[PDB]
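Right, one structure below, let's go through it.
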Amino acid sequence: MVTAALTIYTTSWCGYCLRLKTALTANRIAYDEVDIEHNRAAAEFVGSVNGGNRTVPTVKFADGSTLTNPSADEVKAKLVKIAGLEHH
């Protein structure tokens with residue numbers, strides 16, 4: 001029942017993504033990471049949301065908006081408003 005409201009794009013080819021991924025996990029933020037490395041249809045979509053690039057730690061919220069390389073603070077403050085929980 002842990003609702004992961006964040007769709008985070010990840011790969012095994014990682015570095016900078018892991019930084020944010022560690023931050024969000026330590027911040028008790030539930031996220032769902034994508035299969036794009038193996039799952040091609042979603043990989044192409046990364047290129048779409050970044051705009052010709054495929055930046056790893058791209059997060060798409062339940063809001064539909066994507067944040068390419070966000071700060072953990074932003075994510076957490078956006079999470080609390082879009083989920084309407086853990087806000088207070």
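Each chain in the structure tokens gets a letter, A, B, ..., in the order shown, and its residues are numbered from 1; ligands are numbered from 1 in order too.
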Wanna dump the segment 39-78 of chain A-segment 16-32 of chain A contacts at 12 Å for me, each residue with its shortest atom pair and the distance in Å to one decimal, counting only C-alpha atoms, ordered by chain and number, as CSV?
```
residue,atom,partner,partner_atom,distance
A:55,CA,A:17,CA,8.9
A:56,CA,A:17,CA,6.0
A:57,CA,A:17,CA,4.7
A:58,CA,A:17,CA,8.3
A:59,CA,A:31,CA,8.9
A:60,CA,A:32,CA,9.8
A:61,CA,A:31,CA,9.3
A:62,CA,A:31,CA,10.7
A:68,CA,A:17,CA,10.6
A:69,CA,A:17,CA,8.3
A:70,CA,A:20,CA,8.3
A:71,CA,A:20,CA,7.5
A:72,CA,A:24,CA,6.2
A:73,CA,A:24,CA,9.0
A:74,CA,A:24,CA,10.6
A:75,CA,A:24,CA,8.1
A:76,CA,A:29,CA,7.1
A:77,CA,A:29,CA,10.7
A:78,CA,A:29,CA,11.1
```
Inset, instruction - Quick one: pick out all strand (DSSP E or B) residues within chain A from a backbone DSSP run and write them as a PyMOL selection string. - result: chain A and resi 6-8+31-33+58-61+66-68
Legend entry - All residues 7 Å or closer to segment 34-43 of chain A, only C-alpha atoms, same chain fewer than 2 positions away omitted, as a list in words: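 Result of the neighbour search: residues 7, 8, 9, 10, 11, 32, 45, 46 and 47 of chain A.
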Legend entry - Of the listed residues A:1, A:14, A:49, A:6, that which approaches residue 79 of chain A most closely, counting only C-alpha atoms: A:6
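Atom pair atom CA of residue 5 of chain A / atom CA of residue 63 of chain A has a distance of 8.8 Å (rounded to one decimal).
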Legend entry - Distance of atom CA of residue 82 of chain A from atom CA of residue 67 of chain A, expressed in Å to one decimal place: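 Rounded to one decimal, the two atoms are 14.0 Å apart.
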Legend entry - Which of chain A fall in helix (DSSP H, G or I), as an NGL selection string: :A and (16-26 or 40-50 or 72-83)
Go ahead and dump the residues you just picked, C-alpha atoms, as a PDB file, in the first residue's frame.
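Listing of result-v3.pdb after writing:
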```pdb
ATOM      1  CA  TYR A  16      24.135  11.298 -10.656  1.00  0.00           C
ATOM      2  CA  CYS A  17      20.785   9.475 -10.547  1.00  0.00           C
ATOM      3  CA  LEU A  18      21.894   7.447  -7.556  1.00  0.00           C
ATOM      4  CA  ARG A  19      22.624  10.621  -5.591  1.00  0.00           C
ATOM      5  CA  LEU A  20      19.036  11.833  -5.838  1.00  0.00           C
ATOM      6  CA  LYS A  21      17.743   8.279  -5.474  1.00  0.00           C
ATOM      7  CA  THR A  22      19.563   8.016  -2.134  1.00  0.00           C
ATOM      8  CA  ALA A  23      18.222  11.409  -1.023  1.00  0.00           C
ATOM      9  CA  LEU A  24      14.614  10.563  -1.814  1.00  0.00           C
ATOM     10  CA  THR A  25      14.801   7.185  -0.090  1.00  0.00           C
ATOM     11  CA  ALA A  26      16.330   8.798   3.037  1.00  0.00           C
ATOM     12  CA  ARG A  40      12.160   0.213 -24.956  1.00  0.00           C
ATOM     13  CA  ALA A  41       8.759   1.963 -25.248  1.00  0.00           C
ATOM     14  CA  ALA A  42       9.355   3.958 -22.103  1.00  0.00           C
ATOM     15  CA  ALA A  43      12.963   4.693 -23.046  1.00  0.00           C
ATOM     16  CA  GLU A  44      11.888   6.567 -26.131  1.00  0.00           C
ATOM     17  CA  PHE A  45       9.470   8.534 -23.959  1.00  0.00           C
ATOM     18  CA  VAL A  46      12.423   9.765 -21.849  1.00  0.00           C
ATOM     19  CA  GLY A  47      13.817  11.344 -24.983  1.00  0.00           C
ATOM     20  CA  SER A  48      10.494  13.040 -25.464  1.00  0.00           C
ATOM     21  CA  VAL A  49      10.245  14.524 -21.952  1.00  0.00           C
ATOM     22  CA  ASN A  50      13.860  15.700 -21.847  1.00  0.00           C
ATOM     23  CA  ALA A  72      15.340  16.578  -3.226  1.00  0.00           C
ATOM     24  CA  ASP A  73      13.777  19.545  -1.435  1.00  0.00           C
ATOM     25  CA  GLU A  74      11.683  20.398  -4.507  1.00  0.00           C
ATOM     26  CA  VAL A  75      10.534  16.829  -4.914  1.00  0.00           C
ATOM     27  CA  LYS A  76       9.535  16.502  -1.283  1.00  0.00           C
ATOM     28  CA  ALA A  77       7.666  19.853  -1.269  1.00  0.00           C
ATOM     29  CA  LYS A  78       5.907  18.972  -4.492  1.00  0.00           C
ATOM     30  CA  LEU A  79       5.158  15.456  -3.219  1.00  0.00           C
ATOM     31  CA  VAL A  80       3.419  16.747  -0.118  1.00  0.00           C
ATOM     32  CA  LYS A  81       1.174  19.016  -2.173  1.00  0.00           C
ATOM     33  CA  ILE A  82       0.375  16.567  -5.016  1.00  0.00           C
ATOM     34  CA  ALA A  83      -0.305  13.724  -2.627  1.00  0.00           C
TER      35      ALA A  83
END
```
